[PDB]
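In what follows, a structure is listed as structure tokens, so that the remarks can point back to it.
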Amino acid sequence: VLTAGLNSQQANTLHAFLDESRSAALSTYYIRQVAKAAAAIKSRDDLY
Amino acid sequence: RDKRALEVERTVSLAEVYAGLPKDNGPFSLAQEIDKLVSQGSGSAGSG
């Protein structure tokens, strides 16, 4: 409901914010919980 | 091949450029948006 009250500039700002916070979280989760051992991923750079 | 070129001078007002953007591009008054952006620590106006 709260995001529905935003204008287009605010919506773009919000989405940019969330996507950046979100990828950090997903990347962290992935490396420790999902990444297969075969892939020698130690950090976010390796994940890329 | 070095033909003499026509030499043309054209004056461009950016306020008109921004004010005149199509509605879908977020047209704006340049002076007003600058005031807001300067007062704020961040933000943006327009798009693309």
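Naming scheme: A, B, ... for chains in displayed order of the structure tokens; residues 1 onward per chain; ligands 1 onward as shown.
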
Identify, with DSSP run on backbone atoms, the residues in chain B assigned to alpha helix (DSSP H), and express the list as a ChimeraX atom specification. /B:14-19,30-39

Based on the selection just made, write N, CA and C atoms of those residues as a PDB file, in the first residue's frame.
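Writing done, so here's out_9.pdb:
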ATOM      1  N   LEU B  14      18.497  25.944 -22.167  1.00  0.00           N
ATOM      2  CA  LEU B  14      18.196  24.616 -21.683  1.00  0.00           C
ATOM      3  C   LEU B  14      16.890  24.622 -20.951  1.00  0.00           C
ATOM      4  N   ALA B  15      16.493  25.752 -20.384  1.00  0.00           N
ATOM      5  CA  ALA B  15      15.223  25.745 -19.709  1.00  0.00           C
ATOM      6  C   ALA B  15      14.129  25.395 -20.688  1.00  0.00           C
ATOM      7  N   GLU B  16      14.251  25.841 -21.936  1.00  0.00           N
ATOM      8  CA  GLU B  16      13.240  25.549 -22.926  1.00  0.00           C
ATOM      9  C   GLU B  16      13.300  24.085 -23.292  1.00  0.00           C
ATOM     10  N   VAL B  17      14.505  23.539 -23.323  1.00  0.00           N
ATOM     11  CA  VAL B  17      14.676  22.140 -23.656  1.00  0.00           C
ATOM     12  C   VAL B  17      14.031  21.272 -22.609  1.00  0.00           C
ATOM     13  N   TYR B  18      14.220  21.606 -21.343  1.00  0.00           N
ATOM     14  CA  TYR B  18      13.628  20.788 -20.313  1.00  0.00           C
ATOM     15  C   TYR B  18      12.147  21.045 -20.178  1.00  0.00           C
ATOM     16  N   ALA B  19      11.731  22.287 -20.311  1.00  0.00           N
ATOM     17  CA  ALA B  19      10.331  22.602 -20.180  1.00  0.00           C
ATOM     18  C   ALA B  19       9.530  21.945 -21.280  1.00  0.00           C
ATOM     19  N   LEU B  30      13.496  24.311 -15.130  1.00  0.00           N
ATOM     20  CA  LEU B  30      14.873  24.189 -14.719  1.00  0.00           C
ATOM     21  C   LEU B  30      15.207  24.968 -13.473  1.00  0.00           C
ATOM     22  N   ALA B  31      14.802  26.223 -13.397  1.00  0.00           N
ATOM     23  CA  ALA B  31      15.172  26.997 -12.223  1.00  0.00           C
ATOM     24  C   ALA B  31      14.562  26.423 -10.949  1.00  0.00           C
ATOM     25  N   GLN B  32      13.335  25.918 -11.047  1.00  0.00           N
ATOM     26  CA  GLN B  32      12.675  25.395  -9.872  1.00  0.00           C
ATOM     27  C   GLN B  32      13.296  24.105  -9.414  1.00  0.00           C
ATOM     28  N   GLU B  33      13.666  23.258 -10.361  1.00  0.00           N
ATOM     29  CA  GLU B  33      14.237  22.005  -9.955  1.00  0.00           C
ATOM     30  C   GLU B  33      15.612  22.215  -9.387  1.00  0.00           C
ATOM     31  N   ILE B  34      16.366  23.186  -9.904  1.00  0.00           N
ATOM     32  CA  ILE B  34      17.672  23.422  -9.335  1.00  0.00           C
ATOM     33  C   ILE B  34      17.507  23.863  -7.912  1.00  0.00           C
ATOM     34  N   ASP B  35      16.577  24.769  -7.650  1.00  0.00           N
ATOM     35  CA  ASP B  35      16.428  25.208  -6.285  1.00  0.00           C
ATOM     36  C   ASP B  35      16.141  24.029  -5.372  1.00  0.00           C
ATOM     37  N   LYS B  36      15.234  23.152  -5.780  1.00  0.00           N
ATOM     38  CA  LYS B  36      14.936  22.039  -4.914  1.00  0.00           C
ATOM     39  C   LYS B  36      16.110  21.106  -4.724  1.00  0.00           C
ATOM     40  N   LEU B  37      16.844  20.817  -5.791  1.00  0.00           N
ATOM     41  CA  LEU B  37      17.959  19.899  -5.699  1.00  0.00           C
ATOM     42  C   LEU B  37      19.080  20.431  -4.876  1.00  0.00           C
ATOM     43  N   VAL B  38      19.308  21.721  -4.932  1.00  0.00           N
ATOM     44  CA  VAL B  38      20.343  22.308  -4.124  1.00  0.00           C
ATOM     45  C   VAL B  38      19.954  22.284  -2.657  1.00  0.00           C
ATOM     46  N   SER B  39      18.700  22.613  -2.341  1.00  0.00           N
ATOM     47  CA  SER B  39      18.254  22.588  -0.953  1.00  0.00           C
ATOM     48  C   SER B  39      18.306  21.186  -0.368  1.00  0.00           C
TER      49      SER B  39
END

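Neighbouring residues of residue 27 of chain B at 9 Å or closer, counting only C-alpha atoms and skipping chain neighbours under 2 positions away, are residues 17, 18, 19, 20, 21, 22, 23, 24, 25, 29, 45, 46 and 47 of chain B.
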
Taking N, CA and C atoms for each residue, export the selection above as a PDB file, in the first residue's frame.
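Output file out_20.pdb is given in full below:
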ATOM      1  N   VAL B  17      14.505  23.539 -23.323  1.00  0.00           N
ATOM      2  CA  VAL B  17      14.676  22.140 -23.656  1.00  0.00           C
ATOM      3  C   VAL B  17      14.031  21.272 -22.609  1.00  0.00           C
ATOM      4  N   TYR B  18      14.220  21.606 -21.343  1.00  0.00           N
ATOM      5  CA  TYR B  18      13.628  20.788 -20.313  1.00  0.00           C
ATOM      6  C   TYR B  18      12.147  21.045 -20.178  1.00  0.00           C
ATOM      7  N   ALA B  19      11.731  22.287 -20.311  1.00  0.00           N
ATOM      8  CA  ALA B  19      10.331  22.602 -20.180  1.00  0.00           C
ATOM      9  C   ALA B  19       9.530  21.945 -21.280  1.00  0.00           C
ATOM     10  N   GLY B  20      10.145  21.823 -22.447  1.00  0.00           N
ATOM     11  CA  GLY B  20       9.533  21.289 -23.640  1.00  0.00           C
ATOM     12  C   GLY B  20       9.625  19.782 -23.808  1.00  0.00           C
ATOM     13  N   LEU B  21      10.085  19.053 -22.805  1.00  0.00           N
ATOM     14  CA  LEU B  21      10.169  17.626 -23.016  1.00  0.00           C
ATOM     15  C   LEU B  21       8.742  17.109 -23.145  1.00  0.00           C
ATOM     16  N   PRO B  22       8.513  16.004 -23.846  1.00  0.00           N
ATOM     17  CA  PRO B  22       7.226  15.370 -23.944  1.00  0.00           C
ATOM     18  C   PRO B  22       6.805  15.025 -22.552  1.00  0.00           C
ATOM     19  N   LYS B  23       5.509  14.976 -22.290  1.00  0.00           N
ATOM     20  CA  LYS B  23       5.041  14.698 -20.932  1.00  0.00           C
ATOM     21  C   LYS B  23       5.583  13.392 -20.369  1.00  0.00           C
ATOM     22  N   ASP B  24       5.875  12.447 -21.240  1.00  0.00           N
ATOM     23  CA  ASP B  24       6.327  11.136 -20.841  1.00  0.00           C
ATOM     24  C   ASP B  24       7.782  11.152 -20.434  1.00  0.00           C
ATOM     25  N   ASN B  25       8.453  12.256 -20.704  1.00  0.00           N
ATOM     26  CA  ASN B  25       9.839  12.399 -20.366  1.00  0.00           C
ATOM     27  C   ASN B  25      10.005  13.232 -19.110  1.00  0.00           C
ATOM     28  N   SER B  29      10.568  22.740 -15.011  1.00  0.00           N
ATOM     29  CA  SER B  29      11.137  24.071 -14.994  1.00  0.00           C
ATOM     30  C   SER B  29      12.493  23.988 -14.353  1.00  0.00           C
ATOM     31  N   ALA B  45      15.699  15.207 -11.533  1.00  0.00           N
ATOM     32  CA  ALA B  45      14.557  15.727 -12.277  1.00  0.00           C
ATOM     33  C   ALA B  45      14.662  15.307 -13.716  1.00  0.00           C
ATOM     34  N   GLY B  46      13.543  15.015 -14.351  1.00  0.00           N
ATOM     35  CA  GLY B  46      13.598  14.610 -15.750  1.00  0.00           C
ATOM     36  C   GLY B  46      13.991  13.150 -15.814  1.00  0.00           C
ATOM     37  N   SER B  47      14.405  12.688 -16.987  1.00  0.00           N
ATOM     38  CA  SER B  47      14.717  11.277 -17.174  1.00  0.00           C
ATOM     39  C   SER B  47      15.621  11.067 -18.371  1.00  0.00           C
TER      40      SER B  47
END

Residues of chain A within 12 Å of chain B, counting only C-alpha atoms, as a CSV table (one decimal) with C-alpha atoms, in the first residue's frame:
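File produced: out03.csv:
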chain,number,residue,atom,x,y,z
A,7,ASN,CA,5.1,9.6,-7.8
A,8,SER,CA,7.3,8.4,-10.6
A,9,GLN,CA,10.5,9.9,-9.3
A,10,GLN,CA,9.9,8.5,-5.9
A,12,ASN,CA,12.2,5.0,-9.4
A,13,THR,CA,14.2,6.1,-6.4
A,14,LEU,CA,12.6,3.4,-4.3

10 Å contact set for residue 44 of chain A, only C-alpha atoms, chain neighbours under 3 positions out, as JSON, numbers by chain: {"A": [24, 27, 28, 30, 31, 41, 47, 48]}

Write the residues you've just listed into a file as a PDB file, in the first residue's frame, and include N, CA and C atoms for each of them.
ATOM      1  N   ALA A  24      22.528  -7.335  -2.540  1.00  0.00           N
ATOM      2  CA  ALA A  24      23.566  -7.648  -1.589  1.00  0.00           C
ATOM      3  C   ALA A  24      23.146  -8.822  -0.735  1.00  0.00           C
ATOM      4  N   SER A  27      23.012 -12.113  -2.813  1.00  0.00           N
ATOM      5  CA  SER A  27      24.329 -12.566  -3.153  1.00  0.00           C
ATOM      6  C   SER A  27      24.955 -13.221  -1.953  1.00  0.00           C
ATOM      7  N   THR A  28      24.748 -12.636  -0.782  1.00  0.00           N
ATOM      8  CA  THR A  28      25.324 -13.190   0.415  1.00  0.00           C
ATOM      9  C   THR A  28      24.734 -14.560   0.689  1.00  0.00           C
ATOM     10  N   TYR A  30      23.265 -16.586  -1.400  1.00  0.00           N
ATOM     11  CA  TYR A  30      23.638 -17.518  -2.423  1.00  0.00           C
ATOM     12  C   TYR A  30      25.003 -18.089  -2.179  1.00  0.00           C
ATOM     13  N   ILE A  31      25.968 -17.238  -1.890  1.00  0.00           N
ATOM     14  CA  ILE A  31      27.303 -17.760  -1.768  1.00  0.00           C
ATOM     15  C   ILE A  31      27.402 -18.766  -0.658  1.00  0.00           C
ATOM     16  N   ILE A  41      33.670 -19.925  -5.403  1.00  0.00           N
ATOM     17  CA  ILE A  41      33.176 -18.601  -5.120  1.00  0.00           C
ATOM     18  C   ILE A  41      33.419 -18.269  -3.673  1.00  0.00           C
ATOM     19  N   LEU A  47      31.338 -14.396  -7.571  1.00  0.00           N
ATOM     20  CA  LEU A  47      29.993 -14.758  -7.921  1.00  0.00           C
ATOM     21  C   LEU A  47      29.697 -14.160  -9.266  1.00  0.00           C
ATOM     22  N   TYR A  48      30.132 -12.920  -9.481  1.00  0.00           N
ATOM     23  CA  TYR A  48      29.981 -12.297 -10.774  1.00  0.00           C
ATOM     24  C   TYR A  48      30.695 -13.032 -11.868  1.00  0.00           C
TER      25      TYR A  48
END

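Interatomic distance, atom CA of residue 40 of chain B against atom CA of residue 13 of chain B: 24.7 Å.
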
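Atom CA of residue 45 of chain A to atom CA of residue 26 of chain A spans 13.7 Å [interatomic distance, one decimal].
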